[PDB]
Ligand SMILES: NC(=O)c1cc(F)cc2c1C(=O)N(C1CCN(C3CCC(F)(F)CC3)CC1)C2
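What follows is one chain in structure tokens, specifically the form deposited without the named molecule.
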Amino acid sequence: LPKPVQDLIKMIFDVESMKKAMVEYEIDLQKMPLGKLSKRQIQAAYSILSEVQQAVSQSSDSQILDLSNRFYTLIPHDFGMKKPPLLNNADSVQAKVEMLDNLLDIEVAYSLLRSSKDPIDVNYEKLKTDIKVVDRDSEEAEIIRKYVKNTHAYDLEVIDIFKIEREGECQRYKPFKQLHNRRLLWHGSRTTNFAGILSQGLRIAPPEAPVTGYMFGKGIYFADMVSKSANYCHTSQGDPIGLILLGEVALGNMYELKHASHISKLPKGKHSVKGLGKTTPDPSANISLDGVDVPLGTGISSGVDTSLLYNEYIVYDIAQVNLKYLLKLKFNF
């Protein structure tokens, strides 16, 4: 396999990376090693958060205390010399739901890892994804670099562009090509999540995850500006490399919102949410790639009363998404 692909495989299956991510979430690695992370436990933790969600909307200090203790028993944290924080409001529900989302992806990665061939090839094969290097001189790479440059504290450099095709996903997405308003959009995530994302695709938080834990409810989230999505890479000076997806999203009829709304179900006739931002790619410079809009205009004022800085796009059925590209980006601070 081409060197960039080999490097891609190594970095997403990096076990030390998964551990550091967990530590960053204040998880007690000694009390719960990477190897004992389980789907069952994460599912039950989500359910506790849904109990906190319900308690909050009605609730006493002592049932808050017990739910909190139930949560931390299931997912041991290390709070050092601090009292363990109670799960007392929507803020704590969101913070824990986001961490569980990441734990879930880390568990999927480690489960994939569980001398026929190179370890690199074996792990690549576990992803059930065709990954090809996009030639830096292609029209493809040019468009994608423009999309990055134009919709950009850090400044962004594209290191590698990969064309990706997940097994089965073209067929799954195909009927939605009948659906109008298809857009090429950004989805950022932590590097420790991408083994899970390539093997299973982008997924929605489960039924037992609390709906109030997600700004627009439980769906799959995208941006039309790379700097919005770059925030979800959670990169740092100490480690200035992030990964970001380009996906074609069949948006259909957009339910347009100006504030957070914990949607359980779209209004009849709607197929996605668009969160309306203060800033938007200049609509003038949109291009169409076989019926797919690419909003690679530089950011102008949208003229919209909103609390959002950037547009967001959310769909609520997983088949509405087709991953097209994975970019390795350098964050230069």
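Start at 1 with the first residue shown and count on from there. Throughout, rigid core stands for the largest set of C-alpha atoms superposing within 1.5 Å between the two forms.
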| item | value |
| --- | --- |
| Other entries lacking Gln237, at least a third | no |
| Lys82 left out of the model in a third or more of other PDB entries | yes |
| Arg114 to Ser115: deposited residues without atomic coordinates | 4 to 9 |
| Continuity check for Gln58 and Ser59, given as deposited residues lacking coordinates between them | 1 to 3 |
| Entry-level comparison of average CA B-factors, 138-146 and 185-193, reporting the higher stretch | 138-146 |
| Mean C-alpha temperature factor, higher of 281-289 and 64-72 | 281-289 |
| Maximum C-alpha temperature factor, selected from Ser264, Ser47, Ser272, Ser307 | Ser307 |
| Of the residues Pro119, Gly201, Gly217, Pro207, the one carrying the largest Cα B-factor as recorded | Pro119 |
| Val52 CA temperature factor, ranked by third within the chain | lowest |
| Lowest, middle or highest third - CA B-factor, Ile164 | middle |
| Relative C-alpha B-factor of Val5, binned into the chain's lowest, middle or highest third | highest |
| Record-listed C-alpha B factor of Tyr110: chain third | middle |
| Cα B factor band for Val15 (lowest, middle or highest third within the chain) | highest |
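Keep in mind that the form solved in complex with the named molecule is not shown, yet the notes after this line are about it.
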item: Blocked or open, judged by overlaying the named molecule from its pose in the entry with it bound and testing 2.4 Å from backbone or C-beta atoms; value: blocked
item: The named molecule in the entry with it bound: contacted by all of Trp186, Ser229 and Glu312, heavy atom 4.5 Å; value: yes
item: Contact assignment for the named molecule in the entry with it bound, among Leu127, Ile144, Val97, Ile75, heavy atom within 4.5 Å; value: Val97
item: Sole residue of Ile263, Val148, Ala223, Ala250 within 4.5 Å of the named molecule in the entry with it bound, by heavy atom; value: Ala223
item: The named molecule in the entry with it bound: contacting segment from 118-126, 67-75, 229-237, 253-261, heavy atom within 4.5 Å; value: 229-237
item: Touches the named molecule in the entry with it bound: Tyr214 (any heavy atom, 4.5 Å); value: yes
item: Of the candidates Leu179, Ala260, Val133, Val108, the only Cα that travels 2 Å or more between this form and the one not shown, given a rigid-core fit; value: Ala260
